[PDB]
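Raw final-v5.tsv, TSV, C-alpha atoms (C1' of nucleotides):
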```tsv
chain	number	residue	atom	x	y	z
Q	538	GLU	CA	123.66	97.94	158.87
Q	539	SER	CA	126.29	95.21	158.69
Q	540	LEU	CA	127.23	96.46	155.23
Q	541	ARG	CA	127.78	100.03	156.37
Q	542	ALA	CA	129.89	98.84	159.30
Q	543	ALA	CA	132.05	96.60	157.12
Q	544	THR	CA	132.50	99.17	154.35
Q	545	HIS	CA	133.48	101.81	156.90
Q	546	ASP	CA	136.15	99.66	158.46
Q	547	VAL	CA	137.51	98.50	155.10
Q	548	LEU	CA	137.73	102.09	153.91
Q	549	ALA	CA	139.58	102.79	157.15
Q	550	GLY	CA	141.95	100.05	156.01
Q	551	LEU	CA	142.85	102.03	152.89
Q	552	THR	CA	144.74	105.32	152.66
Q	553	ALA	CA	143.38	108.61	154.01
Q	554	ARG	CA	142.75	110.95	151.09
Q	555	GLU	CA	141.85	108.13	148.69
Q	556	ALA	CA	139.29	107.03	151.28
Q	557	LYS	CA	137.90	110.55	151.43
Q	558	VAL	CA	137.79	110.62	147.63
Q	559	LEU	CA	135.73	107.45	147.54
Q	560	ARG	CA	133.40	108.67	150.27
Q	561	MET	CA	132.84	111.94	148.43
Q	562	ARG	CA	132.30	110.42	144.99
Q	563	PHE	CA	129.47	108.38	146.51
Q	564	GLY	CA	127.13	109.20	149.36
Q	565	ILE	CA	128.96	106.97	151.81
Q	566	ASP	CA	128.36	108.40	155.32
Q	567	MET	CA	127.70	111.77	153.70
Q	568	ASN	CA	124.91	113.71	151.99
Q	569	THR	CA	124.44	114.43	148.27
Q	570	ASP	CA	127.31	113.28	146.07
Q	571	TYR	CA	129.34	115.86	144.15
Q	572	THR	CA	130.52	115.09	140.64
Q	573	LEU	CA	134.20	114.53	139.97
Q	574	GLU	CA	135.04	118.12	139.05
Q	575	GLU	CA	133.71	119.45	142.34
Q	576	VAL	CA	135.61	116.92	144.46
Q	577	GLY	CA	138.73	117.76	142.49
Q	578	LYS	CA	138.12	121.37	143.44
Q	579	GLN	CA	137.82	120.04	146.99
Q	580	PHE	CA	141.41	118.82	146.67
Q	581	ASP	CA	142.15	121.76	144.31
Q	582	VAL	CA	143.45	119.20	141.78
Q	583	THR	CA	140.45	119.25	139.44
Q	584	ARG	CA	140.78	117.02	136.39
Q	585	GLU	CA	140.97	113.43	135.09
Q	586	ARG	CA	143.46	112.74	137.88
Q	587	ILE	CA	140.50	112.37	140.22
Q	588	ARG	CA	139.08	109.50	138.18
Q	589	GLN	CA	142.65	108.20	138.04
Q	590	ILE	CA	142.46	108.09	141.83
Q	591	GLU	CA	139.08	106.39	141.69
Q	592	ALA	CA	140.30	103.71	139.29
Q	593	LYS	CA	143.50	103.15	141.27
Q	594	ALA	CA	141.53	102.70	144.49
Q	595	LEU	CA	139.12	100.30	142.79
Q	596	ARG	CA	142.10	98.39	141.38
Q	597	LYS	CA	143.73	98.28	144.81
Q	598	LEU	CA	140.61	96.83	146.43
Q	599	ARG	CA	140.18	94.28	143.62
Q	600	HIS	CA	142.80	92.12	145.30
Q	601	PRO	CA	140.97	89.35	147.22
Q	602	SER	CA	140.87	88.49	150.94
Q	603	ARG	CA	139.74	92.04	151.75
Q	604	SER	CA	136.59	92.28	149.61
Q	605	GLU	CA	135.43	88.65	149.78
Q	606	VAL	CA	133.95	89.35	153.19
Q	607	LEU	CA	132.03	92.03	151.32
Q	608	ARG	CA	131.61	89.63	148.39
Q	609	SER	CA	129.27	87.81	150.74
Q	610	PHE	CA	126.80	90.68	150.44
Q	611	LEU	CA	126.21	89.78	146.80
Q	612	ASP	CA	123.60	87.12	146.10
Z	1	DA	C1'	28.77	113.66	88.67
Z	2	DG	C1'	31.05	116.83	92.71
Z	3	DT	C1'	33.02	117.69	97.00
Z	4	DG	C1'	35.99	115.82	99.89
Z	5	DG	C1'	39.78	112.78	101.07
Z	6	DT	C1'	44.61	110.84	100.31
Z	7	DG	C1'	49.23	111.17	99.35
Z	8	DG	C1'	53.25	113.75	98.53
Z	9	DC	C1'	55.61	117.81	98.89
Z	10	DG	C1'	56.46	122.12	101.06
Z	11	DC	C1'	56.87	125.06	104.95
Z	12	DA	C1'	57.71	125.53	109.44
Z	13	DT	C1'	59.50	123.51	113.47
Z	14	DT	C1'	62.16	120.36	116.02
Z	15	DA	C1'	66.31	117.44	117.28
Z	16	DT	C1'	70.89	115.58	117.02
Z	17	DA	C1'	75.64	115.23	115.83
Z	18	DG	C1'	80.14	117.13	114.50
Z	19	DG	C1'	83.49	120.56	114.35
Z	20	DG	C1'	86.03	124.42	116.11
Z	21	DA	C1'	87.95	126.55	119.80
Z	22	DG	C1'	89.91	126.22	124.01
Z	23	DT	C1'	92.69	124.29	127.44
Z	24	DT	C1'	95.64	120.88	130.01
Z	25	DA	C1'	98.67	117.70	130.27
Z	26	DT	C1'	101.70	114.09	128.38
Z	27	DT	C1'	105.65	113.65	125.20
Z	28	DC	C1'	109.39	114.36	121.58
Z	29	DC	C1'	113.78	117.19	120.40
Z	30	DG	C1'	118.08	119.50	121.22
Z	31	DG	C1'	122.63	121.55	123.93
Z	32	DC	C1'	125.82	120.86	127.45
Z	33	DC	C1'	128.24	118.76	131.20
Z	34	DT	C1'	130.13	114.17	132.89
Z	35	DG	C1'	132.84	110.42	131.68
Z	36	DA	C1'	135.93	107.63	129.34
Z	37	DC	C1'	140.37	107.03	126.39
Z	38	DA	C1'	145.08	108.06	124.66
Z	39	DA	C1'	149.32	110.40	125.55
Z	40	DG	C1'	153.22	112.64	127.95
Z	41	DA	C1'	156.73	113.93	131.63
Z	42	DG	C1'	159.68	113.71	135.92
Z	43	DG	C1'	161.24	111.29	139.76
Z	44	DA	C1'	161.80	106.97	142.70
Z	45	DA	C1'	161.91	101.51	144.10
Z	46	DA	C1'	163.18	97.14	142.41
Z	47	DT	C1'	166.27	93.81	140.13
Z	48	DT	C1'	170.50	92.06	138.26
Z	49	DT	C1'	175.48	91.43	137.94
Z	50	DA	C1'	180.20	92.27	139.30
Z	51	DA	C1'	183.58	92.58	142.87
Z	52	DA	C1'	185.31	91.42	147.53
Z	53	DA	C1'	185.54	88.66	151.88
Z	54	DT	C1'	184.63	84.01	155.64
Z	55	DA	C1'	184.40	79.17	155.87
Z	56	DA	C1'	185.63	74.78	153.71
Z	57	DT	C1'	188.81	71.58	150.03
Z	58	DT	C1'	193.07	70.51	148.20
Z	59	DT	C1'	197.91	70.51	148.10
Z	60	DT	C1'	202.22	70.87	150.26
Z	61	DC	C1'	205.35	70.70	154.05
Z	62	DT	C1'	206.87	69.21	158.70
Z	63	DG	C1'	207.32	66.21	162.59
```
Could you show the structure in this file as C-alpha cells?
Amino acid sequence: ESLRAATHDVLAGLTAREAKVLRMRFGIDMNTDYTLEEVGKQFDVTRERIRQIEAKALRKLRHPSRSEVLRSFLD
DNA sequence: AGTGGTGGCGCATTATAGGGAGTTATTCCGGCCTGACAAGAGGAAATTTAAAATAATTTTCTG
C-alpha cells in the first residue's frame, strides 16, 4: 500500500504524458499492460520513440533524492 | 519265464507372459512479434567573448 501511494505521488511529480506512458507500459493503477506498439498507437506516434520516452523517463528518475525514498523499498 | 510296472516321451490340456494396438498426456521444434542498437535531421537553450558604461585611482590644476 505504501509503495503504491509513493509511486503514485512521484509519478505525479513527473510530466503528464511521460507519466501516462509509464503507467501504460506497466500495470500501474491500470489493467493489462499493452506492448509498446499499442501505446504508441495510443499517442499515434508508434515506433522506437516510445521506448526513447521510456528510457528518458527512467534516466530522469535515476537522479537521487527522489527515488531514495523508494530505494527504501528494496531489501 | 511272463505279465505287469516304470520311466520317458507324446498328446492333450492348462497357464503365464509379452507384444501390439490403442489412447492420453507430457514434451520438443519452429515462426513471428517485441526489444534493443545505430544513425540521421531540424530547431532551440546555454556559454563565451567583445564592446560600452558607473564607480574608484591617478594626475593635474587652482586656491
If we count only C-alpha atoms (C1' of nucleotides) and set the cut-off at 10 Å, which residues sit around region 597-604 of chain Q, ignoring sequence neighbours fewer than 6 positions away in its own chain? Please answer as a list in words.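 That gives residues 543, 544, 547, 548, 550, 551, 591 and 610 of chain Q.
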Go ahead and save the picked residues with C-alpha atoms, as a short mmCIF file (atom, residue, chain, number, x, y, z; two decimals), in the coordinates of the input.
```cif
data_model
loop_
_atom_site.label_atom_id
_atom_site.label_comp_id
_atom_site.auth_asym_id
_atom_site.auth_seq_id
_atom_site.Cartn_x
_atom_site.Cartn_y
_atom_site.Cartn_z
CA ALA Q 543 132.05 96.60 157.12
CA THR Q 544 132.50 99.17 154.35
CA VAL Q 547 137.51 98.50 155.10
CA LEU Q 548 137.73 102.09 153.91
CA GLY Q 550 141.95 100.05 156.01
CA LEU Q 551 142.85 102.03 152.89
CA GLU Q 591 139.08 106.39 141.69
CA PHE Q 610 126.80 90.68 150.44
#
```
Could you list the residues in chain Z lying within 12 Å of chain Q, using all atoms listed in the file, and format the result as a ChimeraX atom specification? /Z:33-37
In Å, how far is it from CA of residue 570 (chain Q) to CA of residue 558 (chain Q)? 10.9 Å
Name all residues at most 12 Å from residue 577 (chain Q) (count all atoms listed in the file; drop same-chain ones fewer than 6 positions away) and give them as an mmCIF file with C-alpha atoms, in the frame of the given file.
```cif
data_model
loop_
_atom_site.group_PDB
_atom_site.id
_atom_site.type_symbol
_atom_site.label_atom_id
_atom_site.label_comp_id
_atom_site.auth_asym_id
_atom_site.auth_seq_id
_atom_site.Cartn_x
_atom_site.Cartn_y
_atom_site.Cartn_z
ATOM 1 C CA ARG Q 554 142.750 110.950 151.090
ATOM 2 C CA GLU Q 555 141.850 108.130 148.690
ATOM 3 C CA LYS Q 557 137.900 110.550 151.430
ATOM 4 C CA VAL Q 558 137.790 110.620 147.630
ATOM 5 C CA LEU Q 559 135.730 107.450 147.540
ATOM 6 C CA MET Q 561 132.840 111.940 148.430
ATOM 7 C CA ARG Q 562 132.300 110.420 144.990
ATOM 8 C CA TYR Q 571 129.340 115.860 144.150
ATOM 9 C CA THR Q 583 140.450 119.250 139.440
ATOM 10 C CA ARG Q 584 140.780 117.020 136.390
ATOM 11 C CA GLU Q 585 140.970 113.430 135.090
ATOM 12 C CA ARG Q 586 143.460 112.740 137.880
ATOM 13 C CA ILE Q 587 140.500 112.370 140.220
ATOM 14 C CA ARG Q 588 139.080 109.500 138.180
ATOM 15 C CA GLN Q 589 142.650 108.200 138.040
ATOM 16 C CA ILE Q 590 142.460 108.090 141.830
ATOM 17 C CA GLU Q 591 139.080 106.390 141.690
#
```
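The two atoms in question, CA of residue 549 (chain Q) and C1' of residue 44 (chain Z), are spaced 26.8 Å apart.
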Could you give me, as a list in words, the residues that have an atom at most 10 Å away from the point (131.4, 87.9, 159.5) in the coordinates of the file, using only C-alpha atoms (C1' of nucleotides)? residues 539, 543, 606, 607 and 609 of chain Q
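Coordinates place CA of residue 608 (chain Q) at a distance of 25.8 Å from CA of residue 569 (chain Q).
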Set up a box along x, y and z of the file covering all listed atoms of region 569-583 of chain Q, add 6 Å on every one of the six sides, and write the centre and edge lengths in Å to one decimal, as AutoDock Vina command-line options.
```
--center_x 133.9 --center_y 117.5 --center_z 143.7 --size_x 31.0 --size_y 20.5 --size_z 21.2
```
